[PDB]
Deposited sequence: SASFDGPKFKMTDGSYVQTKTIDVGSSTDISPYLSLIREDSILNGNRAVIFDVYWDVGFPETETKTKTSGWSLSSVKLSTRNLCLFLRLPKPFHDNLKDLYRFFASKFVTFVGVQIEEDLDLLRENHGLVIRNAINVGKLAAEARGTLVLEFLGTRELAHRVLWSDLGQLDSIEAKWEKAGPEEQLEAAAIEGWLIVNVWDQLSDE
């Protein structure tokens, strides 16, 4: 079965985030995990999917960058996909999913990521939003456009970030589970950022 059976993390408001990490090879089917993210976004998440992307920088000069991980978060769930190089056709499901108009893909500082995706992979996100910009405009606070994930969450929600900070402050030491925890937390924070702004 497909379930989010990696570690659960408890957020500062007492809620839990269920997690799943997949190493995608040439024949891994991620489609059932993408379906759960989508189903959860529609039933429970007001049709947002919060995301982040990670690159393997390879030695035109940015051509060498290749997408090595994708995080997809909803209120309840965090799916972390580790991707191979190169892609095989099983990754067509990720492309079809990122092109969907069922949900909005919400990210932080994604302007360059979107060009890299399109130019290096032909991956297109039809319904994306770079959320600092919306935050800045909704709040009339110009600097929110220029904040990283933690700091945007801080200036929008003012919640406790002590756990997230202590992991990030020592990132090079942090184990794979603590890195996953930091990713899951940031996903939840941005989920909350978005719920806050889309209702204001």
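- Stretch of the deposited sequence lacking C-alpha coordinates, numbered from 1: 60-65 only.
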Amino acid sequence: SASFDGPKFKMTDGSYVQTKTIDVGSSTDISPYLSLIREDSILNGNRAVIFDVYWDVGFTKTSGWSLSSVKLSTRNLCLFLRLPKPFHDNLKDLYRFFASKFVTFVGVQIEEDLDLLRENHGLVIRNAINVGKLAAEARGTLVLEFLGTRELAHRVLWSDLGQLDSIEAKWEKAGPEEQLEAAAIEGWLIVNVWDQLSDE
From here on, numbers count along this sequence of modelled residues.
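- 43-51 and 154-162 differ in mean CA B-factor, and the higher of the two is recorded for 154-162.
- Of the two segments, 22-30 and 163-171, the one listed with the higher mean B-factor is 163-171 (C-alpha atoms only).
- The top Cα temperature factor in the record, among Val131, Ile37, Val57, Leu144, falls on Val57.
- Among all modelled residues in its chain, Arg82 ranks in the middle third by Cα B-factor.
- Per-chain ranking of the deposited C-alpha B factor places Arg75 in the highest third.
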